[PDB]
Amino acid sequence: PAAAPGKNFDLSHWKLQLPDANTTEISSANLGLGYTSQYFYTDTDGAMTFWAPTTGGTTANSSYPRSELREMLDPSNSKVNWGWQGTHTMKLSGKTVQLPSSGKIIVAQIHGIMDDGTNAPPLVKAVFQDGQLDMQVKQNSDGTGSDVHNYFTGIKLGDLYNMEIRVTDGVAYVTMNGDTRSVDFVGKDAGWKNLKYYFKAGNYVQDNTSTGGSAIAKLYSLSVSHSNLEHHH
């Protein structure tokens, strides 16, 4: 019997958002005590494993069900988030093991948020499909319109991926398996300066259909670092 993921990994600065009927959020403290369920468990290879059904609960700020970590700079206050200035880096390794009928899940994000804690658009969405990961960077801070697409081909269902998502002074650097692509989001829209951000990682299942089944994503490592210095890449 393996330890729960919040024992194996440092989840002191994450909460877990679930696809149960109530769209429950497990606090960092409860992750640390060893929370585990059908949605979130340690597999035999040790991976922190996220399962979400397409029939799951959905929240006001999410189009689809999720079993997904949400970064908590302050483990007891979701209104504490980071800015466009400085260097903000998430590194992970993982794989997607099962897809919903739509064939598409989101496995990491940077999400915008207002100072008051209210929703703002997603900034980066790491969209996995069998054969390609697309690290979508939103153009407008309004949340209207489309994404800058960044295609990483050759990543199959079951393949190990290594990912880094970095913001350095309003520039997004998106990296899959050593291939780095940049989008100057602040340069494109100064409105991004008026938002704050948080990282996410897990399984945000891009299928809400009755017959869509479920998805499984795994992480083998997950780390976040923040500094108001200027580390480009």
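Heads up: residue numbers just count along the shown sequence, starting at 1.
Enquirer: Look up the CA B-factors in the entry and say which stretch, 138-146 or 104-112, has the higher mean.
Expert: Comparing 104-112 with 138-146, the higher average CA B-factor belongs to 138-146.
Enquirer: Higher mean Cα B-factor in the deposited model: 155-163 or 88-96?
Expert: 155-163 has the higher mean C-alpha B-factor.
Enquirer: Among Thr49, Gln206, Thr59, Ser28, where is the Cα B factor highest in this entry?
Expert: In the PDB entry, the greatest C-alpha B-factor among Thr49, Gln206, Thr59, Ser28 is found at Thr59.
Enquirer: With respect to C-alpha B-factor, does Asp43 fall in the lowest, middle or highest third of the chain as deposited?
Expert: For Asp43, whose C-alpha B-factor we compare with every modelled residue in the chain, the answer is the middle third.
Enquirer: Using the B-factor values recorded in the entry, state whether the Cα atom of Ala4 falls in the lowest, middle or highest third among the modelled residues of its chain.
Expert: Its C-alpha B-factor, which the entry lists for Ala4, ranks in the lowest third among residues of this chain.
Enquirer: Would the CA B-factor of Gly178 place it in the lowest, middle or highest third of its chain?
Expert: Within its chain, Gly178 is a highest-third residue by C-alpha B-factor, going by the deposited values.
Enquirer: Hey, what third does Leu123 fall into on Cα B-factor, ranked over its chain?
Expert: Middle third of the chain for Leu123's C-alpha B-factor.
Enquirer: Taking only the Cα B-factors deposited for this chain, tell me whether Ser214 sits in the lowest, middle or highest third.
Expert: Middle third - that is where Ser214 ends up once the chain's C-alpha B-factors are sorted.
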